[PDB]
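Student: First the structure, which I've put down as structure tokens, then a few questions once you've had a look.
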Amino acid sequence: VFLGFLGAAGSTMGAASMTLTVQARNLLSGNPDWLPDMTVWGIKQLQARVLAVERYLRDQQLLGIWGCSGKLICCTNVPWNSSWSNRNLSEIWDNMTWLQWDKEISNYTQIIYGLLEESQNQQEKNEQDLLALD
Amino acid sequence: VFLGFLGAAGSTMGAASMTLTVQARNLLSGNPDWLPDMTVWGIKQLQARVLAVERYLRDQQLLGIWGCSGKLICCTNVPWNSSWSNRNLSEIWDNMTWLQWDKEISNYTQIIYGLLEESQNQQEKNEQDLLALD
Amino acid sequence: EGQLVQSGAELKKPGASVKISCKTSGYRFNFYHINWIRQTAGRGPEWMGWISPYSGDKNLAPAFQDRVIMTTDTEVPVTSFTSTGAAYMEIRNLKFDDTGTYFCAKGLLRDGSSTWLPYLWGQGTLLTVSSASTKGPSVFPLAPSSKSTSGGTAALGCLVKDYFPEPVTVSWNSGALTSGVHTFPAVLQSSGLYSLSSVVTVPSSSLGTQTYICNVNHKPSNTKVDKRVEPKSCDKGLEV
Amino acid sequence: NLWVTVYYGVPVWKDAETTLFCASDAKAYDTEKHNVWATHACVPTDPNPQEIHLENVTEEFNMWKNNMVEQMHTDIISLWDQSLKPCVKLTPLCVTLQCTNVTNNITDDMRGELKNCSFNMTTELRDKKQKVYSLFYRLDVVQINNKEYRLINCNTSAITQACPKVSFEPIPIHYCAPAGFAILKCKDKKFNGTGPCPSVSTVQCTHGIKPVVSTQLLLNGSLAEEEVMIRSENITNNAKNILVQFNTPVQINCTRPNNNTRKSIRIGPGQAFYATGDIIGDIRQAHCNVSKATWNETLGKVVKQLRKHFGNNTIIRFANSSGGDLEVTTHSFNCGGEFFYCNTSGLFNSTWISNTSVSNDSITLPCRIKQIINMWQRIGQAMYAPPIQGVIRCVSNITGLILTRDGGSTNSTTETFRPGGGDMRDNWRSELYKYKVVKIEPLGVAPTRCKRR
Amino acid sequence: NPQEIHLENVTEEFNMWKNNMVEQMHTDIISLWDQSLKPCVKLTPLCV
Amino acid sequence: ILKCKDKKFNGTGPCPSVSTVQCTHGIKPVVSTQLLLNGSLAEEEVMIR
Ligand SMILES: *[C@@H]1O[C@H](CO)[C@@H](O[C@@H]2O[C@H](CO)[C@@H](O[C@@H]3O[C@H](CO[C@H]4O[C@H](CO)[C@@H](O)[C@H](O)[C@@H]4O)[C@@H](O)[C@H](O[C@H]4O[C@H](CO)[C@@H](O)[C@H](O)[C@@H]4O)[C@@H]3O)[C@H](O)[C@H]2NC(C)=O)[C@H](O)[C@H]1NC(C)=O
Ligand SMILES: *[C@@H]1O[C@H](CO)[C@@H](O[C@@H]2O[C@H](CO)[C@@H](O)[C@H](O)[C@H]2NC(C)=O)[C@H](O)[C@H]1NC(C)=O
Ligand SMILES: *[C@@H]1O[C@H](CO)[C@@H](O)[C@H](O)[C@H]1NC(C)=O
Ligand SMILES: *[C@@H]1O[C@H](CO)[C@@H](O)[C@H](O)[C@H]1NC(C)=O
Ligand SMILES: *[C@@H]1O[C@H](CO)[C@@H](O)[C@H](O)[C@H]1NC(C)=O
Ligand SMILES: *[C@@H]1O[C@H](CO)[C@@H](O)[C@H](O)[C@H]1NC(C)=O
Ligand SMILES: *[C@@H]1O[C@H](CO)[C@@H](O)[C@H](O)[C@H]1NC(C)=O
Ligand SMILES: *[C@@H]1O[C@H](CO)[C@@H](O)[C@H](O)[C@H]1NC(C)=O
Ligand SMILES: *[C@@H]1O[C@H](CO)[C@@H](O)[C@H](O)[C@H]1NC(C)=O
Ligand SMILES: *[C@@H]1O[C@H](CO)[C@@H](O)[C@H](O)[C@H]1NC(C)=O
Ligand SMILES: *[C@@H]1O[C@H](CO)[C@@H](O)[C@H](O)[C@H]1NC(C)=O
Ligand SMILES: *[C@@H]1O[C@H](CO)[C@@H](O)[C@H](O)[C@H]1NC(C)=O
Ligand SMILES: *[C@@H]1O[C@H](CO)[C@@H](O)[C@H](O)[C@H]1NC(C)=O
Ligand SMILES: *[C@@H]1O[C@H](CO)[C@@H](O)[C@H](O)[C@H]1NC(C)=O
Ligand SMILES: *[C@@H]1O[C@H](CO)[C@@H](O)[C@H](O)[C@H]1NC(C)=O
Ligand SMILES: *[C@@H]1O[C@H](CO)[C@@H](O)[C@H](O)[C@H]1NC(C)=O
């Protein structure tokens, strides 16, 4: 079910995964047309929609430095750690929201980015270079 | 044959497909250097070349949400509909321009984007997730 | 939507020359080759040659290498996709074997293995190579005839007789009548004469409400005959 | 058994503050008033407001720590400043004016204060100077000591005339959310202002808000839902204001009856000053009428909502203002171009029993008029209101109230709610209480069973 | 080097009286006059 | 920027000889009335638009 933009904010993470393109398509293009030339009021909203694309490109750089690159669902090779949210499957995807999920991960979220940027492409690329000659 | 930028605007779609990089490379970088600091005249052209990259990123988002992603030629899995331009092969690629093509498709063009964004990655990704565990 | 129009009918002598036009419309004249093919009853149809209005490249049959000369003007763009060009063809050394209907047509594709192939054909242009003279026709009316006694249908027409040059077109009431108009082909006399007829099936009750005038237009002789068919019948099956 | 996996486009937002947009309402091209409030820059409204209710979503809102109010305040301030920048300055008007009382002080028990001033102003040229007259109105000095006078506006800041071509009619301006961000709108009827909204929706563009500068009384505001709302950042603290939102609108009709005229006297090579001409016909003070039955019902409905906070079967009172600034002690607003300062001393004389209170078809309120305003927080500029040629009559819906409680040890006794105001932001919290700005963070991680290569 | 590239087989409908480049150049010339005369010497005391 | 190239141009209609550019040809901003000064010459024929 669609339910439009952010419709599954309180639904399960599994049901919320069914609407990734919906949340993705409405964040980048909130296009205001600034054809009228008004002096001091344009710089504020221009800075706003420029910092918007700066944050978007920061997220895209983070999603490119990883083995994942497709702006979609993707799998990695970094194992999940039992210290992070000691929960089984179906307990997460059927009785939890992405908000509470990021809240519980926020304690251990900072090292996961490092494990994804270094334990992967800093070694996966090097293995790709030393295993593509044969 | 090259014939430079937009050289094959009146040629066949097949011959025009031979110059995709030519039309692609000259649309993104029409770089003006705005080192001189002139007050009210910079905001107009700055808004212009910012809306340029906004439109470019809208096109890139549309070309990323689809199964296609390489900024090149690409094939999909959505079947062509006989209602859309009841024509055979070689009739299109050897006696038609991209202008007249988009003109004839403009009547049915709006639903093709939906068939490419939903009938593909809203199901192709989900099949990829449920067929990558074995 | 290319609606091409060729030239009119003309009469010539053997050993002389004649020039046939081929005016185009509704499509880009420089985007397609222009073919030229004849149809003579002595050897069937024969491809005469094609030409390229864009690149200026022509290609004739080796039998027509000396006597056929094809020219083209520059296209007159009407819209961004429409142009009105013209393709002329002069033929010399007229012989008895060069009598028939000639055609010009539009090329098929702009690229590929079959680019010049004739797709949109013109209406045609008939030529008769003869040393004889141009003689005007003799137009007579036709008495009405019964076609269905129980139905009540009359048949009246006009009779074009004894004309040597190209055939003739006939309208009805200045072209205001097309239902029932049925035109017969010409004859071939021992002296070389051509003669035909035309007819229309009119309602037997349509005798005091409508008037039927046939209009004969012989163009090579530049004559016109407007005849009024008398509504007084003479067939015993039609007076009822 | 299970591996980490990324998901892009998940419904995850975090509360943040960023620059917003503004709407042109789409009727801006047909107004053709050259420049209204925000007709200058805002973009036309989308054909369909994307209002999407989010089921199972409860979001904690806090209207008193909101940043949209600060954005709208700074935008209104810059609007005033950029609207008055290219207009006619009137710095040569700060001269000495030998004035005289009006020729009609009939029955001096009633008041009549318009000064037929005349003064030597600069003309088209710089060599000569011409004597003109007719500045009028109450705002002036008492002179240092036909009586001399001068402008206290000159005693404070510089003066500039408002452009006569622009208008002050509030156009419906609704803020919009940029790319990457969204606006959560609460939907339940009764809202505490601070707390969890159970019925939340999301939008980009808000609902139409009219920028109205008003004190003591909120005009042309958004109606409440079924119940009168009593919002406050801290109800115990006396210093914090008390906002009141009405269920039913209170009809008000304000009138400047002076069939007035104008005079265009040329000053400087390009400028031209609009002076208040002579009053043609009779004269009487501007006023505002409110139907007494509707006001009685509104007060009797608000007192029961106040008793929920300050006790059942108790008495509350409210007198007129305490004292201080003219803009704080008086209901100040604009209409047609003229700035009305009315005294609400005739509406707040009430004590309330547990069931009743302690004919008259309508209640009238006197109102003075002011043309030079120092309401700008920049005390370096002031605006001269151009005179309006003709009679002025403007109707409006009263929708809100701003009250202050008298402090002290008044527990065993009753409580008093005197009118007040001052801060412009309180005028905006009655419209942006249901809105919160959030930023989207669509990058999530979760464990599932899958393997690469 | 001015990149002037002729497009063969291309016929394009032009309309000079509905063009928007003229409006752009007009507004640019107006703003040019205005921004060129802004910081110069004013002569308002000359009106004598 | 599409630039027409044929000598005679009606001003309104289909240009048969089109080129493309980014930068136009040099135009001198001349404020003049009744008479155009330092303008671009026509091609072979006087134009009445
Ligand atoms: C603008 O528009 C015009 C008109 O539409 C285009 O002109 C046509 O161009 C196409 C090719 O681009 C032409 O198609 C070709 O005709 C060639 C003629 O051939 C040869 O022999 C003669 C001698 O008789 C020589 O003078 C001539 O130079 C040639 O050497 C064919 O050779 C071509 O065939 C090719 O393709 C087939 C594909 O099956 C291959 O098998 C062949 O080996 C060969 O590679 C081709 O058929 C066409 O005739 C032109 N005229 C028309 C359509 O009227 C312009 O090209 C176009 N320009 C642009 C920039 O768009
Ligand atoms: C404010 O003005 C309006 C309109 O002038 C008044 O509404 C009118 O009220 C009278 C008396 O009830 C009716 O006879 C009219 O039909 C009403 N007209 C309209 C258009 O509604 C309103 O009563 C005034 N309010 C006050 C407090 O004076
Ligand atoms: C999990 O994390 C802890 C501490 O962060 C670390 O000691 C341990 O090695 C990790 N285990 C795995 C399987 O990643
Ligand atoms: C969902 O339910 C299970 C079992 O009832 C429970 O263990 C789990 O903690 C619940 N999820 C949350 C986020 O509380
Ligand atoms: C083609 O389109 C029509 C209407 O848009 C639809 O009914 C039909 O199912 C489509 N067929 C295919 C093969 O997509
Ligand atoms: C190209 O030619 C073919 C056959 O001559 C014709 O059917 C087709 O409609 C032509 N293309 C266009 C766009 O007219
Ligand atoms: C007349 O003007 C003087 C000015 O000082 C004022 O004090 C007085 O009240 C006025 N009298 C009126 C308006 O009747
Ligand atoms: C004006 O005010 C004065 C008091 O200052 C009063 O004596 C006089 O009657 C009033 N009216 C006129 C017409 O002077
Ligand atoms: C005000 O004084 C002027 C003289 O300067 C006079 O012409 C005018 O009629 C007076 N107006 C009133 C209302 O007394
Ligand atoms: C509303 O919020 C305030 C916050 O201090 C709280 O004290 C109060 O109990 C809440 N409810 C009502 C009905 O005021
Ligand atoms: C206001 O005064 C002018 C001038 O005397 C008059 O023409 C006009 O009718 C008056 N206003 C009304 C509403 O009558
Ligand atoms: C309030 O009313 C009193 C009389 O009850 C009056 O003296 C006073 O001027 C009024 N205004 C203020 C601000 O107190
Ligand atoms: C206002 O309501 C009270 C309570 O019923 C009543 O005593 C009083 O007379 C009313 N005032 C009016 C009708 O003016
Ligand atoms: C409120 O709306 C009314 C529309 O009836 C309008 O006349 C008035 O100017 C607006 N503003 C105020 C402050 O009344
Ligand atoms: C006042 O409220 C009523 C009730 O909906 C509405 O019809 C009217 O337009 C409102 N007037 C103003 C000026 O807001
Ligand atoms: C040029 O365009 C106009 C457009 O109205 C048209 O009437 C005219 O026939 C065209 N040709 C010439 C030579 O003016």
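Labels for the structure tokens follow display order: chains A, B, ..., residues from 1 in each chain, ligands from 1.
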Identify, on the basis of only C-alpha atoms, every residue whose closest approach to residue 22 of chain F does not exceed 9 Å; exclude the query and any residue fewer than 2 positions from it along the same chain; express the result as a list in words.

Tutor: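 Close residues of residue 22 of chain F: residues 30 of chain B; 2, 3 and 4 of chain E; 1, 2, 20 and 24 of chain F.
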
Student: Step one, run DSSP on the backbone; step two, keep only residues of segment 2-133 of chain B assigned to helix (DSSP H, G or I); then write them as a compact mmCIF listing (two decimals) with C-alpha atoms, in the first residue's frame.

Tutor:
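Written file, result-v1.txt:
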```txt
# COMPACT_ATOMS: atom_id res chain seq x y z
CA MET B 13 17.08 7.71 -34.67
CA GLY B 14 19.62 4.99 -35.43
CA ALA B 15 22.16 7.45 -36.81
CA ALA B 16 21.33 9.84 -33.96
CA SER B 17 22.09 7.09 -31.43
CA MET B 18 25.71 7.22 -32.65
CA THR B 19 26.20 10.66 -31.03
CA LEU B 20 24.85 10.31 -27.51
CA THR B 21 28.04 11.39 -25.74
CA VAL B 22 28.19 14.47 -27.98
CA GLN B 23 24.80 15.77 -26.84
CA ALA B 24 25.50 14.62 -23.27
CA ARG B 25 28.87 16.34 -22.75
CA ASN B 26 27.82 19.86 -23.83
CA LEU B 27 24.66 20.22 -21.72
CA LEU B 28 26.13 19.99 -18.23
CA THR B 39 25.68 42.83 -7.42
CA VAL B 40 22.25 42.38 -8.97
CA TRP B 41 23.25 40.74 -12.28
CA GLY B 42 24.81 37.61 -10.80
CA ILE B 43 21.70 36.26 -9.10
CA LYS B 44 19.81 35.82 -12.39
CA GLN B 45 22.44 33.76 -14.20
CA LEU B 46 23.25 31.96 -10.93
CA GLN B 47 19.60 30.95 -10.58
CA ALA B 48 19.78 29.89 -14.23
CA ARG B 49 22.76 27.56 -13.87
CA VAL B 50 21.39 26.27 -10.55
CA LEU B 51 18.01 25.38 -12.08
CA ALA B 52 20.07 23.79 -14.85
CA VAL B 53 21.70 21.38 -12.40
CA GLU B 54 18.35 20.92 -10.63
CA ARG B 55 16.77 19.75 -13.90
CA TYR B 56 19.86 17.62 -14.57
CA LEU B 57 19.50 15.98 -11.16
CA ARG B 58 15.79 15.42 -11.76
CA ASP B 59 16.70 13.57 -14.96
CA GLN B 60 19.38 11.64 -13.05
CA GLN B 61 16.89 10.65 -10.35
CA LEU B 62 14.49 9.45 -13.05
CA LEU B 63 17.33 7.46 -14.66
CA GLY B 64 18.35 6.01 -11.30
CA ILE B 65 14.96 4.89 -10.00
CA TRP B 98 13.61 11.71 -32.28
CA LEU B 99 11.49 14.87 -32.43
CA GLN B 100 8.62 13.24 -34.32
CA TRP B 101 9.10 10.14 -32.17
CA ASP B 102 8.61 12.02 -28.90
CA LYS B 103 5.72 13.86 -30.58
CA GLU B 104 3.90 10.60 -31.35
CA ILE B 105 4.76 9.19 -27.91
CA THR B 109 4.49 9.00 -22.78
CA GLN B 110 3.21 9.79 -19.28
CA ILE B 111 2.30 6.20 -18.36
CA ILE B 112 5.59 4.74 -19.63
CA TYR B 113 7.51 6.46 -16.84
CA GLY B 114 5.15 4.89 -14.32
CA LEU B 115 5.50 1.47 -15.94
CA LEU B 116 9.28 1.88 -15.70
CA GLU B 117 9.41 3.11 -12.10
CA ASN B 121 12.22 -1.67 -9.33
CA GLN B 122 9.17 -1.87 -7.07
CA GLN B 123 9.19 -5.58 -8.03
CA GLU B 124 12.67 -6.24 -9.46
CA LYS B 125 14.40 -5.13 -6.26
CA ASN B 126 12.00 -7.18 -4.14
CA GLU B 127 12.69 -10.23 -6.30
CA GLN B 128 16.42 -9.51 -5.97
CA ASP B 129 16.11 -9.52 -2.17
```

Student: All Cα atoms, paired in order, least squares: that's the fit I need for chain B onto chain A, output as a PDB file with C-alpha atoms, in the first residue's frame.

Tutor:
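Done, and the output landed in part.pdb:
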```pdb
ATOM      1  CA  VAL B   1       0.000   0.000   0.000  1.00  0.00           C
ATOM      2  CA  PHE B   2       1.256   3.498  -0.875  1.00  0.00           C
ATOM      3  CA  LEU B   3      -0.377   5.958   1.567  1.00  0.00           C
ATOM      4  CA  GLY B   4       1.736   8.636  -0.123  1.00  0.00           C
ATOM      5  CA  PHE B   5       4.763  10.432   1.250  1.00  0.00           C
ATOM      6  CA  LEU B   6       5.937   9.192   4.678  1.00  0.00           C
ATOM      7  CA  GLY B   7       2.774   7.093   4.929  1.00  0.00           C
ATOM      8  CA  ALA B   8       4.550   4.223   6.701  1.00  0.00           C
ATOM      9  CA  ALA B   9       6.323   6.232   9.395  1.00  0.00           C
ATOM     10  CA  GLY B  10       4.547   4.296  12.142  1.00  0.00           C
ATOM     11  CA  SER B  11       4.254   0.990  10.321  1.00  0.00           C
ATOM     12  CA  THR B  12       6.716  -1.890  10.498  1.00  0.00           C
ATOM     13  CA  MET B  13      10.131  -1.636   8.877  1.00  0.00           C
ATOM     14  CA  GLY B  14       9.125  -4.379   6.444  1.00  0.00           C
ATOM     15  CA  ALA B  15       5.998  -2.542   5.334  1.00  0.00           C
ATOM     16  CA  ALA B  16       7.981   0.705   5.267  1.00  0.00           C
ATOM     17  CA  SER B  17      10.533  -0.892   2.935  1.00  0.00           C
ATOM     18  CA  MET B  18       7.737  -1.131   0.340  1.00  0.00           C
ATOM     19  CA  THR B  19       7.756   2.669  -0.123  1.00  0.00           C
ATOM     20  CA  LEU B  20      11.405   3.609  -0.574  1.00  0.00           C
ATOM     21  CA  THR B  21      10.959   5.341  -3.936  1.00  0.00           C
ATOM     22  CA  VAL B  22       8.100   7.383  -2.455  1.00  0.00           C
ATOM     23  CA  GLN B  23      10.272   8.928   0.256  1.00  0.00           C
ATOM     24  CA  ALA B  24      13.207   9.195  -2.170  1.00  0.00           C
ATOM     25  CA  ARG B  25      11.458  11.065  -4.995  1.00  0.00           C
ATOM     26  CA  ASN B  26       9.989  13.917  -2.904  1.00  0.00           C
ATOM     27  CA  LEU B  27      13.129  14.953  -1.005  1.00  0.00           C
ATOM     28  CA  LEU B  28      15.349  16.057  -3.883  1.00  0.00           C
ATOM     29  CA  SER B  29      12.907  18.045  -6.049  1.00  0.00           C
ATOM     30  CA  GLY B  30      10.847  20.525  -4.054  1.00  0.00           C
ATOM     31  CA  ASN B  31      11.619  22.902  -6.923  1.00  0.00           C
ATOM     32  CA  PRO B  32      10.843  26.582  -6.366  1.00  0.00           C
ATOM     33  CA  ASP B  33      10.978  28.756  -9.472  1.00  0.00           C
ATOM     34  CA  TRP B  34      12.982  31.904  -8.672  1.00  0.00           C
ATOM     35  CA  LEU B  35      12.480  33.802 -11.927  1.00  0.00           C
ATOM     36  CA  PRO B  36      11.484  37.050 -10.116  1.00  0.00           C
ATOM     37  CA  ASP B  37      14.635  38.976  -9.180  1.00  0.00           C
ATOM     38  CA  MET B  38      14.180  40.066  -5.558  1.00  0.00           C
ATOM     39  CA  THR B  39      17.285  41.262  -3.741  1.00  0.00           C
ATOM     40  CA  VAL B  40      17.820  40.181  -0.145  1.00  0.00           C
ATOM     41  CA  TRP B  41      15.143  37.463   0.123  1.00  0.00           C
ATOM     42  CA  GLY B  42      16.570  35.144  -2.523  1.00  0.00           C
ATOM     43  CA  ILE B  43      19.889  34.429  -0.821  1.00  0.00           C
ATOM     44  CA  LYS B  44      18.254  32.769   2.198  1.00  0.00           C
ATOM     45  CA  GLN B  45      16.141  30.245   0.297  1.00  0.00           C
ATOM     46  CA  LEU B  46      18.977  29.805  -2.219  1.00  0.00           C
ATOM     47  CA  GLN B  47      21.357  28.900   0.611  1.00  0.00           C
ATOM     48  CA  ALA B  48      18.613  26.578   1.867  1.00  0.00           C
ATOM     49  CA  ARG B  49      18.182  24.620  -1.364  1.00  0.00           C
ATOM     50  CA  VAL B  50      21.959  24.612  -1.897  1.00  0.00           C
ATOM     51  CA  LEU B  51      22.634  23.137   1.554  1.00  0.00           C
ATOM     52  CA  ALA B  52      19.863  20.684   0.671  1.00  0.00           C
ATOM     53  CA  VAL B  53      21.823  19.393  -2.319  1.00  0.00           C
ATOM     54  CA  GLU B  54      25.039  19.530  -0.270  1.00  0.00           C
ATOM     55  CA  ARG B  55      23.502  17.202   2.328  1.00  0.00           C
ATOM     56  CA  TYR B  56      22.114  15.055  -0.496  1.00  0.00           C
ATOM     57  CA  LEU B  57      25.586  14.777  -2.029  1.00  0.00           C
ATOM     58  CA  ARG B  58      27.071  13.946   1.374  1.00  0.00           C
ATOM     59  CA  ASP B  59      24.592  11.069   1.626  1.00  0.00           C
ATOM     60  CA  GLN B  60      25.448  10.040  -1.946  1.00  0.00           C
ATOM     61  CA  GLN B  61      29.177  10.060  -1.163  1.00  0.00           C
ATOM     62  CA  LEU B  62      28.512   7.885   1.890  1.00  0.00           C
ATOM     63  CA  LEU B  63      26.428   5.518  -0.270  1.00  0.00           C
ATOM     64  CA  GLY B  64      29.138   5.437  -2.940  1.00  0.00           C
ATOM     65  CA  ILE B  65      32.196   4.791  -0.778  1.00  0.00           C
ATOM     66  CA  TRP B  66      30.480   1.599   0.389  1.00  0.00           C
ATOM     67  CA  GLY B  67      30.172  -1.585  -1.627  1.00  0.00           C
ATOM     68  CA  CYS B  68      26.548  -0.569  -2.079  1.00  0.00           C
ATOM     69  CA  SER B  69      26.006   2.003  -4.814  1.00  0.00           C
ATOM     70  CA  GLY B  70      22.553   1.439  -6.292  1.00  0.00           C
ATOM     71  CA  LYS B  71      20.097   3.951  -4.833  1.00  0.00           C
ATOM     72  CA  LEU B  72      17.914   0.998  -3.825  1.00  0.00           C
ATOM     73  CA  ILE B  73      17.970  -1.913  -1.400  1.00  0.00           C
ATOM     74  CA  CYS B  74      21.409  -3.492  -1.156  1.00  0.00           C
ATOM     75  CA  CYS B  75      23.340  -6.160   0.733  1.00  0.00           C
ATOM     76  CA  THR B  76      26.879  -5.983   2.096  1.00  0.00           C
ATOM     77  CA  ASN B  77      29.467  -8.396   3.486  1.00  0.00           C
ATOM     78  CA  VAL B  78      29.878  -6.854   6.966  1.00  0.00           C
ATOM     79  CA  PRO B  79      28.376  -9.235   9.550  1.00  0.00           C
ATOM     80  CA  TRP B  80      25.754  -7.992  11.958  1.00  0.00           C
ATOM     81  CA  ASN B  81      27.065  -7.778  15.520  1.00  0.00           C
ATOM     82  CA  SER B  82      25.075  -9.409  18.324  1.00  0.00           C
ATOM     83  CA  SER B  83      25.961  -6.479  20.603  1.00  0.00           C
ATOM     84  CA  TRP B  84      23.925  -4.209  18.308  1.00  0.00           C
ATOM     85  CA  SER B  85      20.242  -4.726  19.176  1.00  0.00           C
ATOM     86  CA  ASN B  86      20.239  -8.240  20.655  1.00  0.00           C
ATOM     87  CA  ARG B  87      17.122  -9.239  18.691  1.00  0.00           C
ATOM     88  CA  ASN B  88      16.156 -12.056  16.348  1.00  0.00           C
ATOM     89  CA  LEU B  89      14.622 -11.793  12.890  1.00  0.00           C
ATOM     90  CA  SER B  90      10.902 -11.039  12.426  1.00  0.00           C
ATOM     91  CA  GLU B  91      11.104  -9.352  15.833  1.00  0.00           C
ATOM     92  CA  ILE B  92      12.578  -6.317  14.067  1.00  0.00           C
ATOM     93  CA  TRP B  93      10.691  -6.319  10.756  1.00  0.00           C
ATOM     94  CA  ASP B  94       7.255  -6.968  12.311  1.00  0.00           C
ATOM     95  CA  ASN B  95       7.117  -5.013  15.596  1.00  0.00           C
ATOM     96  CA  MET B  96       9.359  -1.983  15.160  1.00  0.00           C
ATOM     97  CA  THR B  97       9.519   1.349  13.358  1.00  0.00           C
ATOM     98  CA  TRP B  98      12.523   2.880  11.639  1.00  0.00           C
ATOM     99  CA  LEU B  99      12.443   5.707  14.192  1.00  0.00           C
ATOM    100  CA  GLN B 100      12.805   3.431  17.212  1.00  0.00           C
ATOM    101  CA  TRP B 101      15.297   1.349  15.218  1.00  0.00           C
ATOM    102  CA  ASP B 102      17.613   4.292  14.577  1.00  0.00           C
ATOM    103  CA  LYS B 103      17.082   5.309  18.212  1.00  0.00           C
ATOM    104  CA  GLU B 104      18.344   1.955  19.493  1.00  0.00           C
ATOM    105  CA  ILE B 105      21.172   1.929  16.935  1.00  0.00           C
ATOM    106  CA  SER B 106      22.188   5.531  17.700  1.00  0.00           C
ATOM    107  CA  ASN B 107      24.323   4.213  20.572  1.00  0.00           C
ATOM    108  CA  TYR B 108      26.319   1.972  18.204  1.00  0.00           C
ATOM    109  CA  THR B 109      25.555   3.639  14.857  1.00  0.00           C
ATOM    110  CA  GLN B 110      28.792   5.630  14.580  1.00  0.00           C
ATOM    111  CA  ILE B 111      31.109   2.611  14.251  1.00  0.00           C
ATOM    112  CA  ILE B 112      28.922   0.871  11.648  1.00  0.00           C
ATOM    113  CA  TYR B 113      29.735   3.541   9.071  1.00  0.00           C
ATOM    114  CA  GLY B 114      33.431   2.951   9.711  1.00  0.00           C
ATOM    115  CA  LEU B 115      32.999  -0.808   9.437  1.00  0.00           C
ATOM    116  CA  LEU B 116      31.225  -0.246   6.111  1.00  0.00           C
ATOM    117  CA  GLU B 117      33.727   2.225   4.642  1.00  0.00           C
ATOM    118  CA  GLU B 118      36.986   0.556   5.742  1.00  0.00           C
ATOM    119  CA  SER B 119      36.302  -3.142   6.340  1.00  0.00           C
ATOM    120  CA  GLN B 120      34.720  -3.241   2.861  1.00  0.00           C
ATOM    121  CA  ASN B 121      36.111  -1.131   0.009  1.00  0.00           C
ATOM    122  CA  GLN B 122      39.502  -0.555   1.631  1.00  0.00           C
ATOM    123  CA  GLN B 123      39.863  -4.355   1.307  1.00  0.00           C
ATOM    124  CA  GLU B 124      37.206  -5.408  -1.234  1.00  0.00           C
ATOM    125  CA  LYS B 125      38.636  -3.157  -3.947  1.00  0.00           C
ATOM    126  CA  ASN B 126      42.175  -4.341  -3.199  1.00  0.00           C
ATOM    127  CA  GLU B 127      41.017  -7.954  -3.450  1.00  0.00           C
ATOM    128  CA  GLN B 128      39.256  -7.072  -6.712  1.00  0.00           C
ATOM    129  CA  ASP B 129      42.513  -5.690  -8.128  1.00  0.00           C
ATOM    130  CA  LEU B 130      44.556  -8.732  -7.032  1.00  0.00           C
ATOM    131  CA  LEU B 131      41.970 -11.241  -8.296  1.00  0.00           C
ATOM    132  CA  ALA B 132      41.145  -9.758 -11.725  1.00  0.00           C
ATOM    133  CA  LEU B 133      44.494 -10.552 -13.399  1.00  0.00           C
ATOM    134  CA  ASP B 134      43.823 -14.274 -13.961  1.00  0.00           C
TER     135      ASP B 134
END
```

Student: Return as a ChimeraX atom specification the full set of residues in segment 64-224 of chain C whose backbone-based DSSP assignment is strand (DSSP E or B).

Tutor: /C:68-72,77,83,86-91,100-106,121,125-129,138-141,145-148,153-163,169-172,182-183,194-203,213-218,223-224

Student: Using only C-alpha atoms and all ligand atoms, which residues have at least one atom no more than 9 Å from ligand 9? Output them as a ChimeraX atom specification.

Tutor: /D:99-104,115-119,131-134,277-280

Student: What are the residues of chain C lining chain F at 10 Å or less? Count only C-alpha atoms, and put the answer as number ranges by chain.

Tutor: C: 75-83

Student: Using atom CA of residue 18 of chain F and atom CA of residue 10 of chain E as the two end points, give the distance in Å to one decimal.

Tutor: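 Atom-to-atom, atom CA of residue 18 of chain F to atom CA of residue 10 of chain E, that is 6.3 Å.
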
Student: Using only C-alpha atoms, determine which residues of chain E fall within 10 Å of chain B; present them as a ChimeraX atom specification.

Tutor: /E:3-11,28,31-32,35
